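Since the structure comes first, as structure tokens, the remarks are kept for the end.
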Amino acid sequence: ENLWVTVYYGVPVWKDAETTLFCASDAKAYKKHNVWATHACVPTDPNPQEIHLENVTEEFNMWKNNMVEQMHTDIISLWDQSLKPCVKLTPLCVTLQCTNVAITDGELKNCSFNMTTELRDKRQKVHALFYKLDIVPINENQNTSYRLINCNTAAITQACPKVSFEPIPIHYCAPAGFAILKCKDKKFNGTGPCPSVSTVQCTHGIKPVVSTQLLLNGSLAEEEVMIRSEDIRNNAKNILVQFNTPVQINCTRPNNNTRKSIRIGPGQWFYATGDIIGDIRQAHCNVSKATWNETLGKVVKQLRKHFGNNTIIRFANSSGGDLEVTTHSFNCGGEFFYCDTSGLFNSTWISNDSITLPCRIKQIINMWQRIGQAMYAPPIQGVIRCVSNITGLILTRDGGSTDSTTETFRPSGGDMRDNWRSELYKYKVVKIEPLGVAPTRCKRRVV
Amino acid sequence: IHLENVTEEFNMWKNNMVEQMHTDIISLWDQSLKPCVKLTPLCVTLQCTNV
Amino acid sequence: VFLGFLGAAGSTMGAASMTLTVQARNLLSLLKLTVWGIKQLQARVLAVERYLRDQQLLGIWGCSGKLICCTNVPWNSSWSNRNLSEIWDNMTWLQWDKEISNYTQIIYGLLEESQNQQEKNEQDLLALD
Amino acid sequence: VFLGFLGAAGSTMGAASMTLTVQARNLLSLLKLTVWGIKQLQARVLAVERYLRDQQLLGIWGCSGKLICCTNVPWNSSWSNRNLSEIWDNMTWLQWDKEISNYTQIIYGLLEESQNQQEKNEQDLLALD
Amino acid sequence: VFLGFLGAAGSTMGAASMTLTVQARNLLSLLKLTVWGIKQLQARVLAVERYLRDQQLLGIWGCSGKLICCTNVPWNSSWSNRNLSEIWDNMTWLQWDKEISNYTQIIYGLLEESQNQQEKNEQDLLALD
Ligand SMILES: *[C@@H]1O[C@H](CO)[C@@H](O[C@@H]2O[C@H](CO)[C@@H](O[C@@H]3O[C@H](CO[C@H]4O[C@H](CO[C@H]5O[C@H](CO)[C@@H](O)[C@H](O)[C@@H]5O)[C@@H](O)[C@H](O)[C@@H]4O)[C@@H](O)[C@H](O[C@H]4O[C@H](CO)[C@@H](O)[C@H](O)[C@@H]4O[C@H]4O[C@H](CO)[C@@H](O)[C@H](O)[C@@H]4O[C@H]4O[C@H](CO)[C@@H](O)[C@H](O)[C@@H]4O)[C@@H]3O)[C@H](O)[C@H]2NC(C)=O)[C@H](O)[C@H]1NC(C)=O
Ligand SMILES: *[C@@H]1O[C@H](CO)[C@@H](O[C@@H]2O[C@H](CO)[C@@H](O[C@@H]3O[C@H](CO)[C@@H](O)[C@H](O[C@H]4O[C@H](CO)[C@@H](O)[C@H](O)[C@@H]4O)[C@@H]3O)[C@H](O)[C@H]2NC(C)=O)[C@H](O)[C@H]1NC(C)=O
Ligand SMILES: *[C@@H]1O[C@H](CO)[C@@H](O[C@@H]2O[C@H](CO)[C@@H](O[C@@H]3O[C@H](CO)[C@@H](O)[C@H](O)[C@@H]3O)[C@H](O)[C@H]2NC(C)=O)[C@H](O)[C@H]1NC(C)=O
Ligand SMILES: *[C@@H]1O[C@H](CO)[C@@H](O[C@@H]2O[C@H](CO)[C@@H](O[C@@H]3O[C@H](CO)[C@@H](O)[C@H](O)[C@@H]3O)[C@H](O)[C@H]2NC(C)=O)[C@H](O)[C@H]1NC(C)=O
Ligand SMILES: *[C@@H]1O[C@H](CO)[C@@H](O[C@@H]2O[C@H](CO)[C@@H](O)[C@H](O)[C@H]2NC(C)=O)[C@H](O)[C@H]1NC(C)=O
Ligand SMILES: *[C@@H]1O[C@H](CO)[C@@H](O[C@@H]2O[C@H](CO)[C@@H](O)[C@H](O)[C@H]2NC(C)=O)[C@H](O)[C@H]1NC(C)=O
Ligand SMILES: *[C@@H]1O[C@H](CO)[C@@H](O[C@@H]2O[C@H](CO)[C@@H](O)[C@H](O)[C@H]2NC(C)=O)[C@H](O)[C@H]1NC(C)=O
Ligand SMILES: *[C@@H]1O[C@H](CO)[C@@H](O)[C@H](O)[C@H]1NC(C)=O
Ligand SMILES: *[C@@H]1O[C@H](CO)[C@@H](O)[C@H](O)[C@H]1NC(C)=O
Ligand SMILES: *[C@@H]1O[C@H](CO)[C@@H](O)[C@H](O)[C@H]1NC(C)=O
Ligand SMILES: *[C@@H]1O[C@H](CO)[C@@H](O)[C@H](O)[C@H]1NC(C)=O
Ligand SMILES: *[C@@H]1O[C@H](CO)[C@@H](O)[C@H](O)[C@H]1NC(C)=O
Ligand SMILES: *[C@@H]1O[C@H](CO)[C@@H](O)[C@H](O)[C@H]1NC(C)=O
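Protein chains in written order, with the deposited numbering: chain G, 32 to 61, 64 to 134, 137 to 140, 152 to 186, 186A, 187 to 309, 312 to 321, 321A, 322 to 397, 411 to 506; chain G', 84 to 134; chain B, 518 to 546, 565 to 664; chain B', 518 to 546, 565 to 664; chain B'', 518 to 546, 565 to 664. A prime marks a further copy of an entry chain.
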């Protein structure tokens, strides 16, 4: 009947905490120096240990998750670390005089301009092809002298040609004393109590696929397709969608471009586009209309579960923002594509003929809302073609005072973090507090 | 401290101290050149005559 | 019977108290200026810092070597009124830590003062002869 | 008689077991971004990390304070069939560690489970009255 | 009665010896390359390095768990000739450490050798039967 406190060291007790995670990737061997894997990420253990926690029920919140905020700052910081040593194209802001590529009734333009040479006193005139988006006319009156789009706002640096932009699986690990809780509930929505929970030291192979509008190469939701949002009632917050069946999308750049290596200084090398060899075709992606119409129908079924079992569900193209947010932007073999998705979100729902999408390309880009530094993607030699998985989406309501009679859904890409949340919805970081004090009928011996 | 009775196998060719020292000299060199003056403008065309 | 790290987190406190070794093991175990290197090194220092703090508390409570140690501090009923069967056969360490997290700091202070600071002086005066 | 750090590495296991204190002592003891600074700081963190791991094993085996500790685990003959005189007066710790490095992981698991995880619960039920 | 960290630094050695827990507690507890970050991380590694060194000495003296431990080493009078009342009721730990800082290294060597290196072998030969 006399109770005394006793210290237990190693009690399964944890508390919500945010710590500094680190990198971990398999032992992939090779060209290399891919930005994300870096020179050294801790190689994944030959065998990971996933330990299911019986009887455990933990509250999750993918929208207040700090793993997202950390990953975001890691991608940004990794990008800058790879641009620092590469060649900066400060002298490439010389006035450009551009002409058309002949044809009657032009996305790319043939530009001639003078560029410095190895020797300070000598100069050289070189001709290189450019895309319309990367250039603006220096007159508007108009004459026809053009300049690079970035020279007015921020400097520019050329991405090194060796580093590759292909995402590889990356595992986010937590330090000793902390742990990661994975929600294995198939039907798990955005937030809430997860009945089935397990613990792991590192996450699964998460590929840092930077996309917009459409989610590519992600992980497929099990069982039914999932509709995740922070506030379905609030139109302002985006809507994450995860497919149970992946749709296939083929993007190609049929032009047989060429790489022109023009030295612009001692050691500095600039890689310009070389006249195209062969026909002049524009890049485009294909999607099977049967699968997409089927996949889009499965989405509207889960959509009605939150907007009434019967309601008008239409789809329109992006009507807000410009440039990145209006086009399904992404990377493919080193070239940055920008596709018009009006053909995919152009339906209305109530109660082998593959779709084609126009894609334009740029070589000067400012990703992640970066203000101050632009990057020049060196031209990729040969024909480019990449087959990717479209696993998720990012939608948004139009809002307004419509009496709930009809609901409209448009794509968007407001923030880059939503891409990370599409793969970090199931994980959570907690710290282990192994000191527990409890009363027992034991007493220390006075001896 | 001499280790009596000890007999150890050596291999100066598979020694990792060499590989480490090599990368240390290289990295030390670059660390000393970074703050010094870079002669990018010294690539002007030179007109040279005999002494 | 081993379930793994934190396997008994949903079990009763009595069942979890049997596998404290499991949590004890996995509780500690040209330019390297990469973003990963700075994160890793800072993560490693954070892990040993938390481990040494808990081992520090066990030290000042005279319980360094053991996972289960008994003390001299009596259980003040204001902390919890629950009987032994209700505590050890009806509650998990999680919901227990939540019920007593309020008085943990007070309990830790009594745990370092009441015994091991009194015990050591009395141990010298006892083995003094 | 002191020979120095690792002096008895070629001596018999019995002779080496007498100077374990020697190995125990020397086992732990504008911009600073120099290549040496990064190496040093990373080296210092590596030293304390290895030391704390061995002290962690001694902790979960209930042998924290001692250099020589006895256990409850019986010596399974499949590990080594050698008698005491042959082990302690004919072998060095090096060639011993090579002969038993095969079953070390199994032995470490039995060492943390068999006694100190059983010993602590039985210690509470014994001092329970 | 608590005065705080180092509160009894000017008190007699006997009075200061009562609050050793106070000193024991507070004894351990895009680019992060800022001058502060390098200083902080290097400061944190320095703190755990000093703590582990003192805990290392307590380990090799068989006094790991305790703040007050008795040994087998007799007090050689050449170190200090002062009686117990004069030492513990007339001197502070500061002026004591100054009077004995001269022979501290010799005393530490006798403290690790005389008992715990002899004690552990005799403990095995005693519990050998
Ligand atoms: C979503 O996930 C999808 C699933 O993966 C992604 O789909 C991926 O799309 C990317 C493109 O965005 C593809 O990468 C590129 O594929 C090109 C086509 O691959 C063909 O050739 C393969 C060659 O075969 C070798 O490798 C295979 C691998 O298993 C091996 O079995 C075989 O034995 C052999 O060793 C063949 O296997 C394939 O089946 C195809 O037929 C490929 O050519 C690209 O490689 C280029 O480019 C990358 C990045 O730019 C570089 O890292 C490479 O080193 C290589 O670049 C070198 O070669 C070029 C060839 O023209 C040159 O132009 C370059 O200048 C360069 O040459 C220099 O370097 C060489 C090496 O040092 C030197 O020898 C030279 O002298 C030069 O110095 C690239 O891999 C993926 O293949 C594709 N995935 C799959 C599974 O197919 C999709 O992209 C994802 N979506 C998003 C948004 O991320
Ligand atoms: C593009 O999308 C398609 C969509 O299916 C995708 O194909 C699938 O990839 C997965 C892996 O991500 C394959 O699943 C694995 O298949 C291998 C080989 O058969 C098995 O050994 C695996 O077994 C286990 O792992 C599963 C989890 O992945 C566990 O659930 C299971 O318990 C086992 O431990 C695993 O099943 C799958 O087979 C294919 N689908 C088809 C039809 O082949 C494709 O990978 C995507 N492309 C890219 C580049 O990502
Ligand atoms: C972009 O503009 C440049 C001009 O600055 C074009 O380069 C010129 O292209 C013409 C083809 O109409 C070349 O004519 C050929 O010249 C070679 C010289 O060896 C000769 O052997 C052929 O018989 C023919 O006359 C011309 O040489 C070339 N000039 C230079 C300096 O390269 C370029 O073709 C234009 N590209 C595009 C895609 O518009
Ligand atoms: C390398 O070439 C330079 C020329 O650019 C040489 O410099 C010139 O050397 C002549 C000697 O032949 C100098 O003549 C002297 O000029 C001074 C001027 O104060 C005058 O007082 C003397 O009476 C004599 O005329 C000339 O000044 C000098 N020019 C300059 C600009 O310094 C140089 O000597 C050559 N060195 C070698 C090693 O070839
Ligand atoms: C995900 O499912 C959980 C159910 O556990 C939802 O949590 C409830 O949400 C409703 C409104 O949607 C609130 O009235 C309840 O108070 C919530 N319960 C708890 C325990 O928080 C959550 O809202 C769902 N999220 C989404 C985006 O649908
Ligand atoms: C793209 O154009 C290049 C030419 O620059 C083609 O490469 C040539 O291919 C032929 C084969 O028909 C070889 O005989 C030549 O030696 C190649 N030359 C070079 C410079 O590579 C390439 O085949 C074209 N690719 C496509 C898809 O049309
Ligand atoms: C995208 O490309 C892939 C392959 O390049 C296409 O998959 C092929 O589909 C046809 C059926 O129409 C099969 O006969 C082939 O065997 C498939 N090839 C491979 C490699 O799987 C896919 O159909 C294309 N999708 C679209 C929308 O065009
Ligand atoms: C190129 O350089 C020459 C010589 O410096 C100059 O006369 C000419 O105007 C320049 N042309 C262009 C298009 O910059
Ligand atoms: C959206 O669709 C309209 C047709 O109603 C079209 O004129 C417009 O160019 C499209 N804009 C984008 C950004 O897709
Ligand atoms: C939408 O589909 C209709 C009907 O086929 C077609 O007339 C229209 O051009 C399409 N619009 C877009 C933006 O794709
Ligand atoms: C915890 O303590 C706070 C402050 O005394 C009190 O308001 C709260 O009700 C307590 N909750 C517990 C211990 O259940
Ligand atoms: C060590 O173990 C391996 C695998 O069981 C065995 O092949 C080898 O012969 C053993 N060597 C020893 C312990 O002498
Ligand atoms: C300390 O030791 C030194 C060297 O033996 C001696 O010169 C000095 O007088 C001593 N001072 C003390 C211990 O008071």
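Yeah, the Cβ is synthetic: ideal placement off N, Cα and C, and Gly gets one too.
With 16 as the cutoff for other CB atoms within 10 Å, does residue i come out buried or exposed?
i                        : result
B'/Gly644                : exposed
G'/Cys131                : exposed
G/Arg480                 : buried
G'/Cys119                : exposed
G'/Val127                : exposed
residue 705 of chain B'' : For chain B'', the structure presents residues 518 to 664; residue 705 of chain B'' sits outside this window and is missing.
G/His374                 : buried
G/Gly366                 : exposed
G/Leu122                 : buried
Output needed for residue i: all residues of its chain with C-beta closer than 8 Å, excluding positions within five of it in sequence on either side, in chain order.
i         : result
B'/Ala532 : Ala525
Look at the alpha carbon of residue i and the alpha carbon of residue j, and state the distance between them as a whole number of angstroms.
i                       : j          : result
residue 550 of chain B' : G/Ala73    : For residue 550 of chain B', no position is available: the coordinates of chain B' end at 546 and pick up again at 565.
G/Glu102                : B'/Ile622  : 58 Å
B/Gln590                : B'/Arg588  : 13 Å
G/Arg456                : G/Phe353   : 12 Å
B/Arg585                : B''/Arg579 : 12 Å
B''/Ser613              : B'/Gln575  : 41 Å
G/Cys385                : G/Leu416   : 6 Å
G/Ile277                : G/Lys351   : 11 Å
Is any heavy atom of ligand 3 found at a distance shorter than 7 Å from the C-beta of residue i?
i        : result
G/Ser334 : no
G/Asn156 : yes
Measuring from the CB of residue i, is there a heavy atom of ligand 13 at a distance below 7 Å?
i          : result
B''/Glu621 : no
B''/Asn616 : no
Which of the three DSSP states, helix, strand or coil, is assigned to residue i?
i         : result
G/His66   : coil
G/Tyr318  : strand
G/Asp412  : coil
G/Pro238  : strand
G/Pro291  : strand
B'/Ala525 : helix
B/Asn618  : coil
Just to confirm, does residue i get its C-beta within under 7 Å of one of the non-hydrogen atoms of ligand 4?
i         : result
G'/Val134 : yes
Indicate, with yes or no, if ligand 7 has a heavy atom lying under 7 Å from the CB of residue i.
i        : result
G/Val446 : yes
G/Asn295 : yes
G/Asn262 : no
Within a Cβ cutoff of 6 Å, which residues of the same chain sit near residue i, ignoring the five residues on either side of it in sequence?
i        : result
G/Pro183 : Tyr191
B/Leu602 : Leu537
G/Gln422 : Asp180, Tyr435 and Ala436
Apart from the five residues just before and just after residue i, which ones in its own chain have a Cβ nearer than 7 Å to its Cβ?
i          : result
B''/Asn607 : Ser649 and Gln650
Please indicate yes or no: does the CB of residue i lie closer than 7 Å to some heavy atom of ligand 8?
i        : result
G/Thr128 : yes
With respect to 7 Å, is the separation between the Cβ of residue i and the closest non-hydrogen atom of ligand 6 below this value?
i        : result
G/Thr303 : yes
Can you tell me whether residue i sits near ligand 9, meaning its C-beta is under 7 Å from at least one heavy atom of the ligand?
i        : result
G/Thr372 : yes
What do you reckon, is the C-beta of residue i under 7 Å from a heavy atom of ligand 1?
i        : result
G/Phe376 : yes
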